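Peer 1: Got a structure here, written out as structure tokens. Questions coming.
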Amino acid sequence: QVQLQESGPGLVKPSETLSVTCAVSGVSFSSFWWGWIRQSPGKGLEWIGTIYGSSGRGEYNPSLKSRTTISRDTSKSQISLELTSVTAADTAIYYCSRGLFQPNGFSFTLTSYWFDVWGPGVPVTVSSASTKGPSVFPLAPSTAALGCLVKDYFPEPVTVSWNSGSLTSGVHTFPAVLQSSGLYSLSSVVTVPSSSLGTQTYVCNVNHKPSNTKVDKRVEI
Amino acid sequence: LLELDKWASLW
Amino acid sequence: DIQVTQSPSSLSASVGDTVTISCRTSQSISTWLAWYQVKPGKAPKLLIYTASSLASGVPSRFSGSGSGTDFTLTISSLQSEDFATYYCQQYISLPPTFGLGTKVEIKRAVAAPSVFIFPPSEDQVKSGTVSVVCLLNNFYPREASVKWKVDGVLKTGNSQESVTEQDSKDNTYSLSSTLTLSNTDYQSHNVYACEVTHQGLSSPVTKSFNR
């Protein structure tokens, strides 16, 4: 029935405007309320605002109300979120959603919004950092561990395989941590028999699409 | 008008 | 300005267990609580609304109850697909506010971590900024402790930990601890130790190297 689909950029610079779009379908867009919800990398879910499909009127989060503008477009059956003067704090996954409400009986008042359908959400990162490829450094010493250090790159993500993907057993690629410099950094390790060391070859394949850089690094003793 | 829209939606 | 406190932040369970998740509110919200399932790289899904009304297309396993300030989500006979993060949400009054979530994870036998320390490469030394990596591999539960020692002295700050999600095969966790130092700072000290503590360990493990 109802199907949502968020759209928008991946990168926004601080102080600029964040614009994401949501396409609804499989229902009368004018007969329901639609809005935006977001979740920050570690912080919880945060409702931004919801509006009526017909009038475009609605309600915003008081904490974001001054910077928020949720518009509608009946043609595309589409709503848009214009968040002005963003900072790193506005880095989040942005979901589109339908806002149902109920009579808070017996009064002629209404409940607030609960959400029966969400979109997959679009990720958006706010940063002034420039595009930069990672530096790859090897991590070396019956069982033995080894890996690669992929650091000082922007933006997310980097991909890391071992022996062109032919080595996956015991592999662990850690989530990227945002260093104080605005650049990201992670490590990828893999457990291997210490007996095969010195003979077996281990190469981590680091690929950073948003900056072309494709690096193969052989991890030795 | 907001509350008015709200109730119009439900009917 | 209603605050919503969800608990626990995470709970471990086995398939078939009945799991419960509490949701408390700073003030009364009548029956206006919703529950949501969120799996990684998946659209959030409405489980329950009106505190106890099961949403369409949701299995009977999920059940909600409570009113006023105390609420509870119950999943009878936990399924494999149920392993995910769960959020509560009030909507009696504007603005809607969510709980910080409960991560349902797979219960598992205790497993001590395998510790490994990694000295910096000569290449990174030429960078001017070196990284000392300590690895805690395949352990359960998640709770662990890592301390950095330079020439016997505790090194606080300038450390960053990262933790993987529960491994698909053995349901264990792995952890990386990275100590970033100035090269001059690095070349001025000799021994770098990584002290690890975990309930699977009968004693604190220390992996170290001499520059």
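Order determines the names: the first chain of the structure tokens is A, the second B, and so forth; residues in each chain are numbered 1 upward, and ligands are numbered 1 upward as they are shown.
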Tell me as a list in words which residues belonging to chain B come within 8 Å of chain A, counting only C-alpha atoms.
Peer 2: residues 2, 5, 6 and 9 of chain B
Peer 1: What residues in chain C lie within 9 Å of chain A, counting only C-alpha atoms, written as a tab-separated table (two decimals) with C-alpha atoms, in the first residue's frame?
Peer 2:
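File written: result.tsv
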```tsv
chain	number	residue	atom	x	y	z
C	32	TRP	CA	-0.64	7.08	23.94
C	33	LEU	CA	2.52	4.99	23.61
C	34	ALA	CA	3.86	3.42	20.42
C	41	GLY	CA	19.51	-0.79	6.93
C	42	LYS	CA	15.76	-1.31	7.26
C	43	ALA	CA	12.75	0.99	7.52
C	44	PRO	CA	11.42	1.34	11.09
C	45	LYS	CA	8.27	-0.72	11.68
C	46	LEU	CA	5.28	0.07	13.90
C	47	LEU	CA	4.68	-2.82	16.30
C	49	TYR	CA	0.06	1.68	19.23
C	55	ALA	CA	-0.42	-2.92	14.30
C	87	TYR	CA	12.03	2.14	20.59
C	89	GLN	CA	7.35	6.72	21.84
C	90	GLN	CA	4.75	8.91	23.54
C	91	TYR	CA	2.33	11.13	21.63
C	92	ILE	CA	-0.19	12.48	24.13
C	93	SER	CA	1.20	15.96	23.55
C	94	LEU	CA	3.45	17.89	21.16
C	95	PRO	CA	6.26	17.15	20.46
C	96	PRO	CA	6.40	13.36	20.05
C	97	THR	CA	9.38	11.98	21.98
C	98	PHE	CA	11.15	8.62	21.74
C	99	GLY	CA	13.07	6.48	24.19
C	100	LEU	CA	16.78	5.96	23.53
C	101	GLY	CA	16.14	2.34	22.55
C	116	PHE	CA	46.95	-8.56	20.52
C	117	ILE	CA	49.05	-5.39	20.53
C	118	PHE	CA	50.30	-3.77	17.32
C	119	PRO	CA	53.28	-1.40	17.23
C	120	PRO	CA	53.22	1.42	14.65
C	121	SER	CA	54.76	1.00	11.20
C	123	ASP	CA	55.65	4.42	7.35
C	124	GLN	CA	53.35	5.93	9.97
C	131	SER	CA	48.89	4.77	16.19
C	133	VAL	CA	46.40	-0.59	18.24
C	135	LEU	CA	42.82	-5.83	19.68
C	137	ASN	CA	39.05	-10.56	19.62
C	160	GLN	CA	39.51	5.70	21.02
C	161	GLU	CA	37.66	2.39	21.31
C	162	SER	CA	35.51	0.78	18.62
C	163	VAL	CA	33.34	-2.33	18.89
C	164	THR	CA	31.92	-4.63	16.22
C	165	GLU	CA	28.37	-5.94	16.18
C	167	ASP	CA	29.47	-11.81	14.93
C	174	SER	CA	35.59	-7.83	18.94
C	175	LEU	CA	37.09	-4.55	20.11
C	176	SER	CA	39.83	-2.24	18.87
C	178	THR	CA	43.74	2.80	19.26
```
Peer 1: Could you tell me, as a count of residues only, which residues of chain B DSSP assigns to helix (DSSP H, G or I) when given the backbone?
Peer 2: 9
Peer 1: So that I can check the surroundings of residue 201 of chain A, please list as a PyMOL selection string every protein, DNA and RNA residue that reaches within 8 Å of it, counting only C-alpha atoms and ignoring chain neighbours fewer than 2 positions away.
Peer 2: chain A and resi 197-199+203+218-220
Peer 1: Can you tell me, as an NGL selection string, what residues are no more than 8 Å from segment 6-17 of chain C when counting only C-alpha atoms, ignoring any on the same chain fewer than 4 positions away?
Peer 2: :C and (21-24 or 76-80 or 87-88 or 99-107)
Peer 1: Of the candidates C:58, C:180, C:18, C:75, which shows the shortest atom-to-atom distance to residue 134 of chain C, using only C-alpha atoms?
Peer 2: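 Closest to residue 134 of chain C, using only C-alpha atoms: C:180.
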Peer 1: Excluding residue 198 of chain C and its own-chain neighbours fewer than 5 positions away, which residues fall within 10 Å of it when counting only C-alpha atoms? Please give them as a ChimeraX atom specification.
Peer 2: /C:110-113,139-146,203-205
Peer 1: Going by DSSP on the backbone, which residues of segment 139-171 of chain A come out as strand (DSSP E or B)? List them as a ChimeraX atom specification.
Peer 2: /A:139,143-154,159-162,167,171
